[PDB]
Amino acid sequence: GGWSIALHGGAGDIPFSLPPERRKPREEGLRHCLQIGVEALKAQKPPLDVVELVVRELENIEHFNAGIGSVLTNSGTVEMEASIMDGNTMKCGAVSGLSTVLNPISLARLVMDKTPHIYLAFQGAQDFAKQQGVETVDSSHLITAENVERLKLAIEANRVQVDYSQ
């Protein structure tokens, strides 16, 4: 009759032997966020509003590499990026180099609608966030032990790795 929705939490090298501690929260994440997307479409929110809603929730799953739970740079810091696109108008919004913005996807939207630009990055994009008043957090709040441990292993191997790496 009408709506469909899909979502993801990352593509990569995920072993069949992903431990319970690593697997259940991601499986739970997928469900939680899918319930929300479905309910929003059921309540007929515009699809553009729905994808921002679902990604804010995906961003909020600590076990997915976006927002809280973002993987780390070679310097052990956080740099998040996001983009969003309305297929009906071709409008879009994007951001890069966020370190304190709690929900990057929502800044991408804000740039789309409130700026004659599509893409803002690094200091300038934190300036925009400050100006717009979105939620920002101490950088540490974005960091997970799992991610620190991955950096370490990637940093001795001298590799750039996908969150999901053997």
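Residue numbers run from 1 along the displayed sequence.
- In the PDB entry, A11 places in the middle third of its chain by CA B-factor.
- In the PDB entry, a CA B factor belonging to the highest third of its chain's modelled residues is recorded for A94.
- In the PDB entry, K42 places in the lowest third of its chain by CA B-factor.
- In the deposited entry, the Cα temperature factor of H63 places it in the middle third of its chain's modelled residues.
- Per the deposited record, the Cα B-factor of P116 falls in the highest third when ranked against the other modelled residues of its chain.
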